[PDB]
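The next block holds one structure in the form of structure tokens; read it before the comments.
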Amino acid sequence: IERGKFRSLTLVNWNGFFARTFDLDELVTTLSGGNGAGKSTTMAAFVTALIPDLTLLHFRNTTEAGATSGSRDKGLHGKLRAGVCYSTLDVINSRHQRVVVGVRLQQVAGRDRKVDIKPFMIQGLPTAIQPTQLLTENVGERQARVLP
Amino acid sequence: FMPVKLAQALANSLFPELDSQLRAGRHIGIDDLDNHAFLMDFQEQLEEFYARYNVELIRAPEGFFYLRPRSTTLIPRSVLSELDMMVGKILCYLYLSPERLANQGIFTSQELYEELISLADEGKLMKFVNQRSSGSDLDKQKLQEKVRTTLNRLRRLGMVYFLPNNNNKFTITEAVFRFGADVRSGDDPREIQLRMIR
Amino acid sequence: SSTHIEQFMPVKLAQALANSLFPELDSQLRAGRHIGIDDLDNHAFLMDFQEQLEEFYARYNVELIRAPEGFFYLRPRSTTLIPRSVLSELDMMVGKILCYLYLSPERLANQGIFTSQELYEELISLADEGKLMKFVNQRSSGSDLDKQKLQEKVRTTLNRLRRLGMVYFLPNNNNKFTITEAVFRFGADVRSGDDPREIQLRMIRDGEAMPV
Amino acid sequence: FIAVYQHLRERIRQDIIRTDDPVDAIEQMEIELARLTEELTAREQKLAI
Amino acid sequence: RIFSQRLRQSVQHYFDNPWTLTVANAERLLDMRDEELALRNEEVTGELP
Ligand SMILES: Nc1ncnc2c1ncn2[C@@H]1O[C@H](COP(=O)(O)OP(=O)(O)OP(=O)(O)O)[C@@H](O)[C@H]1O
Ligand SMILES: [Mg+2]
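Protein chains in written order, with the deposited numbering: chain A, 2 to 149; chain B, 9 to 206; chain C, 2 to 213; chain D, 1187 to 1235; chain E, 295 to 343.
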């Protein structure tokens, strides 16, 4: 039997990323770059997309690992920009079925730094469609817009 | 077993009282010297103690402590009235700069009454009293009554401290900020507070 | 030695407070719920650490009490740290009737399952129907609309007693329910064959009951 | 002594034990005890199988 | 035949000395009324990589 695999990860309107798509590897994928480049942010987006349970999600620093802190802020809100945001995964099923899972993220206006999540799923999408293009509208001269 | 410092904390004579208060929803500010110091000292363990109830112990950035229930709260929940929030937002506005020179931290019921009346829309006012009411004396009287009532509620919350005499004059604590607006880089507090009030 | 649980707290009390059952129970108890023999988990827990709990709650100026029938409950003192409230007279009428129903061997064959209609029928059989109707409405004179209103008030108060833990509805049918021994507190004014006035005085002195 | 008796009189559990006489109540209680012991014996025998 | 008389007469004559029991009635946890959720909408745009 052929085991399923994760094909790619897509980020839209995150802190520092407007619309970026990482193509995963069959065995190992590495992220490199100086401090503050955005590696841990990519990890967080993936996990978020995986388990949208807002109760659970808590992104501590790598230092202070293992300390149950109850911090005032879970650390997700700041990784998002104003407006609408997305995080999606493309998966090839053992059945050789292409399925697109993801979440719609959006900041909540108000003093409390809260976040809203709406999961979604897509089945049967043609192999020629890329999520980056599916989630954006081409407005103006190569100045695309994101769509709700 | 149980962590030693947690056992120490809840063995303290101040705990029962503070527990009682907290469960009620009271906010602990810098004014309550002993309670605030106690929370500062034993926060790391009290947070864990109250997490067992599916209730969150939060320290606001301004400095005051309070409890926030989850959906799964073990403590029976209760919710504020629209009028309540109205009033609260009002008090947040009154925590102004000219306040210092205007009243030296001590207000009166009439200040809030008149501010409420002046700043709010008629329609929502009506909604607060009864939709069939129309600009009548009796209506105003009832509104006054409700104001007093809600004010008392708030005092229970610890938002507002009445000066110790029968007359209705009070001072506003920092914890009123919980009503306040979101602050963005360079934004003027007066404007944003009014924007939400509108 | 220092940094040792015994310095601040008895081991058994800390062991109790660390149990997974405590928060539930605490929450409930504070809310006024009575604990009987049927909810094993809770009851057993109570039994195991009785004295520690009593000592604990004492801090609050409240007595953790154990009735002879085996049910636990909270009785606040005058100086209580936790608020105290009183039941309505309609609640008492339904309470004393539920008590007589529990005792009745004539209905023991039901295996504890009673219907709101049977309760209502027993109540009207004993109390003054037309005079009791006064609490529903000052003009009540036996009209069916007023009789249905009385039945609905009964349904409501019964629902409140359920929350106090005095009665349990069936898992799928709400028109039927089962009694528990906690109802015997409604007989506190007559369990001893003595002068009613003196009994009443004793009860108010103990903080069990208030007049109206 | 009177006080003692008065004290005790309230503490009776249910109707079948309503002998207003404490001392009289004792035996009834004990009867219950024996009854319960037999029921327990039968139940633990059932549990084994 | 002990409680029949004892309890029936109490219900029959309750209104001559109405009395009420006491219960623990701890306060409910006051919370903010949830306002209608207001998200941030900004129609963001940008150059595509
Ligand atoms: N919640 C947040 N609010 C504001 N800025 C944040 C937040 N989380 C991360 N940042 C900033 O985003 C940038 C990316 O941080 P991130 O941890 O993803 O980088 P990195 O390349 O993984 O770094 P490092 O390897 O040092 O952990 C950094 O400037 C960090 O300060
Ligand atoms: Mg990082």
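Ideal Cβ placement from N, Cα and C applies to all residues, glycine included.
Using a beta-carbon distance below 9 Å, is residue i in contact with chain F?
i, result
"residue 37/A", "Of the protein chains in this structure, namely A, B, C, D and E, none is chain F."
Determine the direct distance from the alpha carbon of residue j to that of residue i, and round the result to whole angstroms.
i, j, result
"residue 1193/D", "residue 211/C", "21 Å"
"residue 24/B", "residue 142/B", "48 Å"
"residue 341/E", "residue 21/A", "11 Å"
"residue 45/C", "residue 1206/D", "30 Å"
"residue 56/A", "residue 113/A", "15 Å"
"residue 140/A", "residue 336/E", "15 Å"
"residue 206/C", "residue 76/C", "13 Å"
"residue 12/C", "residue 47/C", "16 Å"
"residue 32/C", "residue 89/C", "17 Å"
"residue 123/A", "residue 15/A", "22 Å"
"residue 39/B", "residue 165/B", "14 Å"
"residue 106/B", "residue 116/B", "16 Å"
"residue 131/B", "residue 16/C", "57 Å"
"residue 30/A", "residue 188/B", "45 Å"
"residue 195/C", "residue 325/E", "49 Å"
"residue 322/E", "residue 186/B", "19 Å"
"residue 5/A", "residue 20/C", "43 Å"
"residue 139/C", "residue 133/C", "10 Å"
"residue 300/E", "residue 198/C", "15 Å"
"residue 92/C", "residue 312/E", "12 Å"
"residue 174/B", "residue 114/B", "15 Å"
"residue 1229/D", "residue 1202/D", "24 Å"
"residue 213/C", "residue 49/B", "47 Å"
"residue 110/B", "residue 124/B", "18 Å"
Our contact map puts residue i next to residue j with C-beta atoms below 8 Å; I'd like the distance itself, whole angstroms only.
i, j, result
"residue 64/C", "residue 78/C", "7 Å"
"residue 111/A", "residue 190/B", "6 Å"
"residue 2/C", "residue 1195/D", "No, residue 2/C and residue 1195/D are not in contact; Cβ-Cβ is about 51 Å, not under 8 Å."
"residue 1204/D", "residue 297/E", "6 Å"
"residue 103/A", "residue 50/A", "6 Å"
"residue 71/A", "residue 55/B", "4 Å"
"residue 155/C", "residue 121/C", "6 Å"
"residue 327/E", "residue 108/A", "Incorrect: roughly 21 Å between the Cβ atoms, too far for contact."
So, is residue i buried or exposed, given that buried needs 16 or more other C-beta atoms within 10 angstroms?
i, result
"residue 1209/D", "exposed"
"residue 163/B", "exposed"
"residue 10/C", "buried"
"residue 316/E", "buried"
"residue 98/B", "buried"
"residue 306/E", "exposed"
"residue 1232/D", "exposed"
"residue 303/E", "exposed"
"residue 11/A", "buried"
"residue 127/A", "exposed"
"residue 37/A", "exposed"
"residue 87/B", "exposed"
"residue 43/C", "buried"
"residue 69/A", "exposed"
"residue 83/B", "buried"
"residue 1215/D", "exposed"
"residue 1312/D", "Not covered by the structure: residue 1312/D. The range shown for chain D is 1187 to 1235."
"residue 171/B", "exposed"
"residue 96/B", "buried"
"residue 5/C", "exposed"
"residue 201/B", "buried"
Ordered along the chain, which non-local residues of its own chain (more than five positions away) have a Cβ less than 6 Å from that of residue i?
i, result
"residue 37/C", "72, 181, 182 and 183"
"residue 14/C", "53"
"residue 148/A", "138"
"residue 24/A", "9"
Might you give, ordered along the chain, the residues of its own chain that have their beta carbon closer than 7 Å to the beta carbon of residue i, omitting 5 neighbours on each side?
i, result
"residue 32/A", "40 and 43"
"residue 34/A", "40"
"residue 176/C", "116 and 117"
"residue 47/A", "10"
"residue 137/B", "147, 150 and 151"
To which residues of the same chain is residue i closer than 8 Å at the C-beta, ignoring the five residues directly before and after it?
i, result
"residue 81/B", "61, 62 and 63"
"residue 135/B", "90"
"residue 94/A", "5 and 100"
Does at least one heavy atom of ligand 4 sit under 8 Å from the Cβ of residue i?
i, result
"residue 33/A", "Although ligand 4 was asked about, the structure shown includes only ligand 1 and ligand 2 as ligands."
(message) Quick check: the stretch 179–191 of chain B against the stretch 97–110 of chain B, are at least 3 beta-carbon pairs closer than 8 Å?
(response) Counting Cβ pairs under 8 Å, three or more are found: they touch.
(message) Tell me whether the stretch 60–78 of chain A and the stretch 91–105 of chain A touch, counting them as touching only if at least three CB pairs, one residue from each stretch, are closer than 8 Å.
(response) Segments in contact, no.
(message) Does the stretch 1216–1227 of chain D come into contact with the stretch 46–60 of chain C, if we say contact requires no fewer than three beta-carbon pairs (one atom in each stretch) closer than 8 Å?
(response) With the cut-off at 8 Å, the stretch 1216–1227 of chain D and the stretch 46–60 of chain C do not touch.
(request) Answer yes if the stretch 128–148 of chain B comes into contact with the stretch 158–175 of chain B, meaning at least three C-beta pairs across the two stretches below 8 Å, and no otherwise. (result) By the Cβ rule, the stretch 158–175 of chain B does not count as touching the stretch 128–148 of chain B, because fewer than three pairs are nearer than 8 Å.
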